[PDB]
Amino acid sequence: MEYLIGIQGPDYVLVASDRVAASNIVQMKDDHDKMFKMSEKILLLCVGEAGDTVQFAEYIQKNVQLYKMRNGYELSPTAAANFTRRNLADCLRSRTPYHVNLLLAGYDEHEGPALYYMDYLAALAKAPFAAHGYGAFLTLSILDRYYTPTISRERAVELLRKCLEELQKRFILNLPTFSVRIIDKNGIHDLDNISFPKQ
Amino acid sequence: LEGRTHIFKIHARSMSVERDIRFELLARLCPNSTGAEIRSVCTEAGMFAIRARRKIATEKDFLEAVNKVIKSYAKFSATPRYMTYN
Amino acid sequence: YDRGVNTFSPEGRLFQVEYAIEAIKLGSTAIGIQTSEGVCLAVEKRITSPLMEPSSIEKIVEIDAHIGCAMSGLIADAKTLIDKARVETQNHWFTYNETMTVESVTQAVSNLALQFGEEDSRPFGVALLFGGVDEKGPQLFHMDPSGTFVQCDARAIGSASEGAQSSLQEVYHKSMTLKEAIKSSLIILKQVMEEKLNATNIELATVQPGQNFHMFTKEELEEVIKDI
Amino acid sequence: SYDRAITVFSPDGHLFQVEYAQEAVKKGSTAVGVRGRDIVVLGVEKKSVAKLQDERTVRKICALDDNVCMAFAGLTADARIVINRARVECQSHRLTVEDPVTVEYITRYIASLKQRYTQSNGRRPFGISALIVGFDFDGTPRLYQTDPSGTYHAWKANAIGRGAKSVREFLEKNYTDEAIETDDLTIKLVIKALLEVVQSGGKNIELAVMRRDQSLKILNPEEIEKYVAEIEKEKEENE
Amino acid sequence: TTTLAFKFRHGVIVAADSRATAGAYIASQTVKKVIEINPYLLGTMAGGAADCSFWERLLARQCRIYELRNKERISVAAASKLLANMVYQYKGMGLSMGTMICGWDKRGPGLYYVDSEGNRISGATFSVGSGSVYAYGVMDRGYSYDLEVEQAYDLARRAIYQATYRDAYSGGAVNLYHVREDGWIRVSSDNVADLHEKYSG
Amino acid sequence: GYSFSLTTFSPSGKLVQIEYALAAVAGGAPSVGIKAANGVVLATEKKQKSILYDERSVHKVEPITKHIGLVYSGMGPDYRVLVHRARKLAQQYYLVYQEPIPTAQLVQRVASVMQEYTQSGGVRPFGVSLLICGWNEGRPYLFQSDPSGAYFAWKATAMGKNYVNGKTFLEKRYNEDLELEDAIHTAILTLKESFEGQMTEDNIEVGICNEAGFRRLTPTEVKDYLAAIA
Amino acid sequence: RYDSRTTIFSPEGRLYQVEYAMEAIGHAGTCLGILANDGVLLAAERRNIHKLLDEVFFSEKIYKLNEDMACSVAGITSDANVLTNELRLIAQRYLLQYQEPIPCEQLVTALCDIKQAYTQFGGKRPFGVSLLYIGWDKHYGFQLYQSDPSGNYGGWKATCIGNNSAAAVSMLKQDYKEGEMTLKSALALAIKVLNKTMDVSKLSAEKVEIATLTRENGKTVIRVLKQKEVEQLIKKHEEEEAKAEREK
Amino acid sequence: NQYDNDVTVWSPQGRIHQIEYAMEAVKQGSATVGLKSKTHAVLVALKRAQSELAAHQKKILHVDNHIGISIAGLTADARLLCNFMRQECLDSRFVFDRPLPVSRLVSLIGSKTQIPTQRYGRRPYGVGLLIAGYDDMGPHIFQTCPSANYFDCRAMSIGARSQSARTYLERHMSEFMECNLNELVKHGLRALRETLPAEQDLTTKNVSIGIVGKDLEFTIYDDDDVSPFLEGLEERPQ
Amino acid sequence: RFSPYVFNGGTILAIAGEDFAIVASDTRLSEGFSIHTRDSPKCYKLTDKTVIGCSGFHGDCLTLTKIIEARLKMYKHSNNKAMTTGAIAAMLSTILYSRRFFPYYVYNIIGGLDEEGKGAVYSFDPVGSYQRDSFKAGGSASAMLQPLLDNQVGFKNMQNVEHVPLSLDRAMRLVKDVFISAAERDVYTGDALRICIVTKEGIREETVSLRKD
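This section reports on the structure supplied with the text.

As a further point, take unusual backbone geometry. Of note in this structure, D:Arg212 is not a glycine but carries a positive phi near 65 degrees. Relative to the elements of secondary structure, D:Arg212 occurs in the loop between β8 (206-210) and β9 (217-218).

This is the structure in structure tokens:
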């Protein structure tokens with residue numbers, strides 16, 4: 001349904017989600033957050049069954065922090081992704097499965113930034129860029145068109161501006177406000193909330 | 001308890017003390033003792049009455065006398081040093 | 001001999017709850033008095049260190065808004081009983097929209113006062129004083145680690161409890177008043193304590209019909225100290 | 001009773017194995033800790049470097065949450081179990097309640113866990129005694145001690161180990177809370193506690209502080225050697 | 001059925017109707033949908049009767065347990081949290097509960113919104129029920145943060161009047177409570193016909 | 001619900017009942033086991049206590065696999081139980097892997113089982129050291145376990161009465177390279193070394209393990225060979 | 001009437017069983033790990049050096065546990081074999097969890113907790129086995145650790161076995177090497193350690209064992225080395241004994 | 001003596017004396033009397049206190065409308081079998097919707113107590129149950145024991161020095177079948193007064209009185225209807 | 001296949017008077033197109049100041065009734081006193097929630113006096129919500145009765161009509177008239193009427209016959 005975007009760069013991860021928490025008729029909430037600080041270089045995005053989202057953020061988020069306090073240092077993003085996909089794979093064939101759709105945004109001092117993408121059917125993925133929802137078609141064609149692997153972060157910002165401007169063009173919903181993060185060598189840096197005057 | 005208070009009276013009048021003090025607190029402090037040991041308590045309050053220049057024995061001379069004899073003289077000088085109760 | 005909870009004497013049982021009755025006397029004392037004006041209660045703290053923060057030591061807790069408590073000796077099993085008791089009174093209000101009566105509170109604790117069991121755990125070491133105001137007004141209750149409960153009109157516990165009960169019986173009658181029982185109670189306290197009575201040695205617990213709430217006195221306490 | 005399992009009360013009503021577990025606490029290494037007005041602080045003595053090992057693995061001080069700092073007495077592996085269990089517990093409180101985990105809650109967890117651990121059959125009780133410092137509720141500094149009985153207890157300062165009555169007796173002679181909260185008197189106060197160590201070796205002293213908002217700040221034994229230098233300098237100023 | 005609540009500068013405004021029907025048949029008009037949790041907490045009946053009555057009573061129980069153990073008044077967020085934990089354990093088992101959680105925090109005003117689908121959210125204005133969209137209409141028209149007390153009274157009272165006016169399922173009494181810093185305060189409860197003769201002119 | 005061990009350390013540190021179980025093993029019987037270049041020859045000398053007993057009923061040499069033979073050190077009623085365990089365990093390997101189990105796997109698993117039986121106490125440890133053999137993948141093997149859960153590996157290995165005497169007699173008599181009939185030759189030479197004089201076709205009983213597989217020999221061919229095998 | 005102690009303190013302030021477990025430790029063979037930056041080695045002592053054996057096992061004290069990690073052992077054998085099956089179950093379980101090998105310490109702490117659960121309760125005999133730990137990671141490189149029956153673990157550079165190795169540890173404090181990661185320095189050094197402390201005359205190869213663990217191009221290979229290079233280490237080390245007797 | 005410690009081990013005289021020890025624990029309780037007429041069953045016990053300010057401890061308690069019991073000795077077992085007692089009352093009272101015949105109930109009590117008198121791991125119960133009941137055939141007075149060999153009688157008395165009251169019962173068992181409730185009651189306190197030391201008198205607060213009838217529900221009294229029963233008495237023959 | 005639920009009929013009226021509580025219910029028992037009996041009082045005198053009326057599935061009324069009486073004995077033999085009416089409403093409501101996923105097909109009204117000796121009606125639903133009101137009529141004729149009561153008890157939709165407090169005998173007349181009028185039109189209602197009156201001095205019963213078709 002709703003949308004977020006997970007563009008991986010050479011040394012940076014540019015992500016942007018929505019702030020929308022509508023219920024089928026009205027938008028109950030226009031300042032929501034789905035960006036979950038897992039650690040100092042690893043982030044999580046999630047769109048799925050809203051009951052499963054919060055509980056899953058509890059288990060995964062607090063469990064990562066239990067690792068972090070426990071040994072004393074941060075996981076790799078890779079084995080963390082295998083951990084979460086492991087948890088979906090355990091959760092699915094059960095009396096209570098989860099139906100959520102994920103993507104991770106990790107950074108390594110050794111491997112640099114890393115981008116992963118999950119499923120509601122527990123699929124591992126490694127992408128240059130990833131998204132969810134119905135908007136992911138109309139966005140990823142354009143993002144496929146103007147992609148550079150070795151691209152500056154400001155071109156990613158501007159191409160994101162372009163892509164959001166086409167998102168207000170032929171999309172049926174409202175989606176006014178998109179929050180943005182960026183990952184670097186340091187870690188999480190919040191870029192500004194992105195909204196647009198329509199007419 | 002009160003036979004011990006009677007022996008407190010006996011070995012209290014038989015020495016130079018102060019007549020403004022009590023002894024039922026000491027009979028509480030003496031669970032199992034002989035009156036000879038009570039006399040050892042009274043002479044030990046006498047010893048604190050030697051250290052300081054005391055002839056009218058305060059309550060505290062008897063307090064340190066019992067805390068000497070029953071507590072700081074049971075085996076060594078340390079039966080307590082744990083609260084856990086109070 | 002009688003080295004367990006399962007082997008009686010040729011005379012009596014296996015005195016080990018009896019050993020806990022022995023283990024009550026090592027605890028500090030506390031005095032509850034039922035006046036028709038209200039049930040008042042006090043305790044000795046026996047602070048040891050200056051680092052020993054005084055309000056960290058609890059003796060009177062609030063079970064219900066008109067129900068207080070008082071412990072003896074071991075603390076943590078009593079804390080389990082406090083948690084359980086507040087749970088179960090909360091069940092009584094939860095299922096009855098009303099306060100559990102302090103007697104049924106006491107019997108409710110007294111059910112698993114002896115449900116010790118290591119198979120099919122160990123017994124407990126704490127006597128309890130309960131203050132409440134039911135529909136019959138002021139109530140002063142006292143139980144034992146064996147759960148054999150009896151209501152007392154003014155009970156003294158802990159160390160030096162003998163002459164406190166005896167001198168209590170010297171001073172207690174039915175037509176007492178509240179503050180009279182308060183100052184008389186702390187008279188017995190400074191008789192039986194070993195330190196100088198101040199704001200830190202003691203604390204009060206005062207339930208009333210018109211003052212169901214606040215089974216306590218705050219620094220007025222200091223004023224009643226300097227009133228004696 | 002005998003000198004046997006935890007169930008039996010003595011003929012004078014006692015549990016011998018409790019204080020028997022308090023012996024290994026009493027025969028453990030010494031550690032001190034004081035709360036600052038903002039910068040709470042602590043330090044263990046007797047590092048005892050044996051020239052052939054790493055010492056990051058023998059580090060007796062950790063954290064559960066970022067507001068709280070860990071210390072113990074007695075043996076080590078039981079404290080390792082209590083640390084891991086309490087990481088799981090504070091993380092669980094973190095999961096259930098979205099508030100900074102408080103000191104009072106987790107100390108009730110630990111002392112309670114040792115209590116119900118103690119009541120059970122044939123289970124050797126934890127012969128440790130922990131020291132818990134946190135400043136969370138508006139950064140209010142708090143330290144609780146534990147017991148092998150499992151009685152957490154709020155203090156304003158603490159010292160444990162072999163000869164804690166001497167060191168705590170010095171702290172009674174050093175209890176100067178009138179100096180406001182000049183964390184300089186916290187620094188020189190911990191320098192006074194390590195000065196009043198049973199050896200005061202200068203190299204076997206470990207210390208860690210927190211400004212109630214920072215992380216755990218592990219010190220260096222050259223700034224601390226400068227603290228012993230100004231300590232002996234002020235000792236020269238005493239003459 | 002339509003409830004609403006919103007926090008602003010001077011605390012929280014809690015407004016609801018009292019009409020409970022059984023399908024096409026009115027059971028009563030005197031139904032206190034705002035379940036008074038505490039002297040410092042209030043909750044709503046938004047979908048499900050014994051679900052809100054039971055589960056909010058159990059939460060009032062549990063906050064009583066918390067404050068008796070910790071000697072300390074609970075936050076609103078944790079109570080809404082544990083409510084969502086308790087509701088989640090029967091997910092998909094056919095339970096209607098979409099209530100609102102109102103109280104005061106040491107952080108200040110406390111407003112949370114928890115559903116049977118685990119839709120625990122915070123926010124500033126909420127309204128649940130059949131004609132709740134009417135209340136977002138007229139309320140989100142008249143909303144400000146810096147309103148006054150009687151301003152918010154006639155605002156939310158007007159909003160309930162419009163919602164019960166347009167819905168076939170909403171009516172009865174108009175319950176109005178006001179959460180302050182220290183604790184909540186009942187304001188009033190007014191008939192729809194009284195506000196009709198009043199509010200038509 | 002007892003058994004929180006039964007075994008404590010000695011003040012020396014040793015474990016006394018295990019040593020008494022080794023005393024129960026060594027105070028029993030002498031028999032012989034020899035690994036040859038092609039197969040492994042195991043041999044007992046089973047004389048009846050009376051003149052009445054049928055020797056066609058109980059059989060000390062017992063296969064577990066068709067290429068694996070085995071004997072023990074102790075009593076039959078334990079031996080049948082742990083044999084039944086090892087049989088079922090080998091069936092578990094064959095159910096998983098559909099392949100004949102290597103002998104060292106039975107060594108690890110069965111030795112760990114007996115190590116478990118040393119562990120707890122409401123039961124005695126089994127007073128049996130095993131003599132295991134099998135011609136697995138070209139090489140035959142000969143493995144000597146213990147009651148105490150460990151194991152060994154020998155070119156030849158015996159146990160019981162005069163075990164140092166028969167052991168040195170194998171050390172003197174046998175060597176590295178022999179044949180099957182050579183191993184039976186020195187096996188009877190060490191068998192009559194401490195056995196009684198009355199050694200018939202029904203007293204001695206031999207089972208071999210060719211690389212073609214285990215073969216429990218009969219008293220027919222035992223009477224064909226051991227009728228004055230030198 | 002049948003509880004020996006199984007879970008109890010001395011009436012003073014110590015522990016009954018663990019002392020006697022340490023009494024069972026020192027009466028065993030001797031291993032060692034050396035200070036090496038580029039890999040690490042271990043030396044061991046062949047107990048039961050009787051000649052009629054088979055020796056087809058290729059390891060008796062060494063147990064290459066996961067891929068790049070092994071362990072010596074000292075104590076009761078098959079109890080520790082259960083600990084190796086359990087240990088490879090745990091690290092291999094961790095690998096199943098993450099597709100990442102262990103960081104090599106929390107495995108050791110886990111096993112210390114495993115023995116520790118037998119120390120507090122269980123009404124049983126704990127493991128009187130101490131053993132070694134070697135490996136490599138992404139965070140500290142090659143590592144050396146020591147197990148205890150006490151549930152403690154030592155982060156070592158030069159380890160210790162019992163009475164046969166106390167004078168060895170005095171030698172290692174006397175012959176502490178530092179900076180040199182050259183393995184053959186530790187080979188002649190350990191040949192001096194087992195040359196003195198082991199009572200094997202002239203350091204026979206069939207009474208000893210050496211195995212290393214070296215980084216190779218992303219593999220971190222493990223060398224369970226053969227005996228001929230052990231023989232030339234014997235001849236090289238006795239040549240160093242000739243160098244030692246040059247001073248006469 | 002080394003055999004005489006537990007339940008399972010038979011004595012060389014056959015008498016596992018722990019049962020006798022539980023009997024003595026019953027003997028350490030207060031004395032009490034159960035009796036019946038042909039029509040009306042009254043059981044009367046002795047209240048005692050711990051201190052003067054404390055209340056007097058009760059023994060007689062209600063179970064069912066036609067069931068009354070007194071107790072002596074232990075309390076946790078007493079309340080345990082009280083909860084089991086009322087439990088079984090509401091059990092068959094629920095299911096069969098009938099009041100209970102007494103004999104089947106007490107048989108369930110003895111079978112209930114058989115297991116802790118047999119197996120290792122459980123203690124016997126200090127119990128002084130005196131039983132008055134109303135089935136179709138009217139009043140019944142059963143007595144119990146820790147040996148679970150429950151007896152039926154017309155009147156019994158257990159506790160301290162009850163034997164004098166037993167002699168009183170024997171020399172007045174002819175009196176008891178015919179007289180109605182009030183004078184039968186004062187026969188009852190003319191049984192408890194002989195278990196008193198004769199230097200003190202049965203006061204108000206020290207006694208419990210329970211009456212169940214074929215038309216009378218089991219009802220207990222203290223100081224209030226007891227004073228009409230405390231009057232109309234003779235003094236002790238000094 | 002097996003259906004667990006079936007409708008038995010019934011109609012309950014309870015009126016909280018000023019110091020009294022009047023609970024009447026018919027005695028007709030039937031199913032489908034067959035009358036089981038004409039004698040089934042759904043009123044059950046719990047205490048001297050609490051009587052319950054129960055309708056819907058009859059076996060759950062019997063079962064639940066016996067459970068209620070048992071827990072009355074639990075509270076009293078535990079607690080040496082009787083329950084208050086609202087405590088019965090609380091405990092009962094928890095019992096109704098206790099079978100949340102397999103409900104009772106049962107309507108329930110509790111009448112009785114408060115601690116002030118005034119009328120007290122707790123309506124119920126088959127899931128477990130409740131309140132205290134002035135008058136409730138459950139059962140088949142529930143919508144047959146409420147608006148007339150709103151005209152009479154609440155005096156609703158009336159202009160210039162003062163609110164006289166309803167007396168006892170006036171309310172008795174009202175009860176008889178509404179059971180006649182509802183008896184004319186309901187098929188689940190008639191043949192008799194069990195009338196229960198909770199005073200501060202006892203509970204009076206009164207049986208008034210109805211039409212026999």
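Here we take up empty space enclosed by the protein. Of the voids in this model, the largest cavity is the one considered here, and its volume is about 450 Å³. Taken together, 28 residues form the lining of the largest cavity, with B:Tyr85, C:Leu74, D:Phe9, D:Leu15 and D:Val18 sitting closest to its centre. Taken together, the elements giving at least two residues each to the lining of the largest cavity come down to α1 (16-26) and α3 (103-119) of chain D. Top element by residues in the lining of the largest cavity is α1(D). It accounts for 5 residues. In terms of residue class, the lining of the largest cavity is made up of 14 nonpolar, 10 polar and 4 charged.

Glancing now at the nonpolar core. A:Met38 and A:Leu102 are the most contacted members of the largest nonpolar core, which has 43 residues in total. Breaking this core down by element, the ones donating at least two residues are β4 (43-48), α1 (50-70), α2 (77-92), β5 (100-108) and β6 (112-117) of chain A together with α2 (77-98), α3 (106-120) and β4 (130-135) of chain G. With 6 residues, α2(G) is the largest single contributor of residues to this core. Contacts of A:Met38, omitting those with residues within four sequence positions, involve A:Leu43, A:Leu44, A:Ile60, A:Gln61, A:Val64, A:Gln65 and A:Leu104.

Let us look at the sheet that holds strand β8 (residues 188-194) of chain A. All names here are of chain A. The antiparallel open sheet is built from 4 strands, whose spatial order is β1-β2-β7-β8. Since the sheet does not close on itself, it has two edges, and those belong to β1 (4-8) and β8, each with one partner. Neighbour-to-neighbour, the strand axes of the sheet open up by a mean angle of 15 degrees, direction not taken into account. In this sheet, strand β2 (residues 13-18) lies alongside β1 in antiparallel orientation, the contact comprising 5 bridges. Opposite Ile5, over in β2, you have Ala16 as the bridge partner.

Checked against the element boundaries, I:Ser3 lands in the segment before β1 (11-16). Reaching out from I:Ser3, the side chain makes a polar contact with the backbone oxygen of I:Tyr5 at a distance of 3.1 Å.

This next bit is on the packing of aromatic side chains. The relative placement of two aromatic rings is captured by the distance of their centres and the angle of their planes. As enumerated under the stated definition, the model contains 40 aromatic pairs over all chains in all. When the ring of G:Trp136 is compared with that of G:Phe142, the centres are 6.3 Å apart and the planes differ by 50 degrees; the resulting orientation is tilted. Given the relative accessible area of 22%, G:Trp136 is considered partly exposed. Using a relative accessible area of 16% as the deciding quantity, one classes G:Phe142 as buried. An aromatic cluster of three or more residues is present, and its members are E:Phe54, E:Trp55, E:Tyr90, I:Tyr97 and I:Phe101. Over the ring of A:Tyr116 we find A:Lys126; its NZ or CZ atom is 5.8 Å from the centre of that ring.

Let us look at the sheet that holds strand β5 (residues 141-145) of chain D. All names here are of chain D. As summarised here, the arrangement of the 4 strands in space is β3-β4-β5-β6, forming an open sheet in which the pairing is antiparallel. On the outer flanks of this sheet lie β3 (68-69) and β6 (153-155), each paired with one strand and no other. The sheet contact formed by β5 and β6 spans 3 bridges and is antiparallel. In the strand pairing of β6, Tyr144 is matched with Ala154. Against the sheet, α3 makes contact with β4 (131-135) and β5, and its axis sits at roughly 10 degrees relative to β5, the strand it touches most.

Conventions and cut-offs
Residues numbered from 1 in each chain as written, not as in the entry; some residues may be left out. Chains lettered and ligands numbered in written order. Part of a larger assembly, values for the part shown. Heavy atoms only, no water. Residues with missing side-chain atoms left out of burial classes, pairs and counts. Helix = DSSP H or I, 4+ residues; strand = E, 2+ residues; numbered from the N terminus. 1 Å grid on protein atoms, 1.4 Å probe; cavity = no way out; pocket = protein on both sides within 12 Å on 5 of 7 lines; lining within 4 Å. Points joined across faces, edges and corners; volume = space filled by probe spheres on them. Nonpolar A, V, L, I, M, F, W, Y, C, P; charged D, E, K, R; others polar. Core = buried A, V, L, I, M, F, W, Y, C linked by side-chain atoms within 4.5 Å. Buried < 20%, exposed > 50% of the residue type's maximum accessible area, 1.4 Å probe, protein only. Contact = heavy atoms within 4.5 Å. Pairing = 2+ DSSP bridges. Axes fitted to C-alpha atoms, helices over the stretch in contact; angles between N-to-C directions. Polar contact = N/O pair within 3.5 Å; in protein donor to acceptor, adjacent residues only side chain to side chain. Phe/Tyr/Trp six-rings, centres within 6.5 Å; stacked < 30°, edge-to-face > 60°. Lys NZ or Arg CZ within 6 Å of the ring centre and 35° of its normal.

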